[PDB]
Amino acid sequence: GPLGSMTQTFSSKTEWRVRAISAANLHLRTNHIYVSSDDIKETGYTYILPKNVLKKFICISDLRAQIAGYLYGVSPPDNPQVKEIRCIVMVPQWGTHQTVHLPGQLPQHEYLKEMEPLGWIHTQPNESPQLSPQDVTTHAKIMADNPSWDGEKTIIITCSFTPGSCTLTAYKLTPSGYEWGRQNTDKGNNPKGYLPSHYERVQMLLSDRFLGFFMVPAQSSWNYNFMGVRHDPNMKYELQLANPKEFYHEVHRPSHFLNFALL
């Protein structure tokens, strides 16, 4: 019983700083990237992901809050069943450990008009056997709103942080999963009606043979996880040909600098 003999005082211990020290070391994981290859048939398309933009995507991410990129690409001159991923587009976004939050507006720029959309890629805190129902809902709603997203051609690549490394698995929606994700409003962990036959693995290879590139917003940066207020599902944005800053860069958290200066 010490109200007076023993007195202690709380000292702040903010979490984003531990996550920032953690994200400084993401580059170690880019020398240990693995792809799941449990899909066997090759009946679907084969998706080739250039390592350069993969590694940059990993480097700009966070270990807890998910980030997403849009995939754009084409089939090689004589091989229509192969989809080369040529561009990853970063749009104003914010996220949690389970999902990402994107604007309704898909990328629009002159440089992308000769490519076709191939879906999206997102980081994940832990490896999973199945595609998330959040992901099935996200992909299905994007498809219902944007007809340029062929369900038989657009994929979800998941990039899971496994110890010391990164595991990549690629999925697509099946018709049943499209029709379920469209109407799904419970985005808990197990919503009504969710099914494993709603998605399927698509084959996916990492390549060193060609290089991808990034496009990023023209006025802002992409990371709004420190500004989630100023993010609006209807926000409009343009794009430029430039490489994205990393998660905890100064331009993503200007209040940490101005508010410390005020003290």
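Each form is matched to the other, and the largest set of C-alpha atoms that superpose within 1.5 Å is called the rigid core. Residue indices: 1-based, along the sequence shown.
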property: Between stretches 186 to 194 and 84 to 92, more displaced by Cα RMS in 7 other deposited structures of this protein (rigid core superposition); result: 186 to 194
property: More variable segment, 43 to 51 or 228 to 236 [Cα RMS over structures in 7 other deposited structures of this protein, core-superposed]; result: 43 to 51
property: Mean C-alpha temperature factor, higher of 74 to 82 and 134 to 142; result: 74 to 82
property: Higher-B stretch (mean Cα B-factor, as the entry records it), 189 to 197 or 150 to 158; result: 189 to 197
property: Peak C-alpha temperature factor (PDB record), options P103, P107, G95, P129; result: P129
property: Given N52, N225, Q66, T43, the residue at which the Cα B factor reaches its maximum; result: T43
property: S207, C-alpha B-factor rank within chain (lowest, middle or highest third); result: middle
property: Lowest, middle or highest third - CA B-factor, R29; result: middle
property: B-factor third for the C-alpha atom of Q240 within its chain; result: lowest
property: Within-chain third of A218 by Cα B-factor, per the entry; result: middle
property: For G119, the third of its chain into which the C-alpha B factor falls; result: lowest
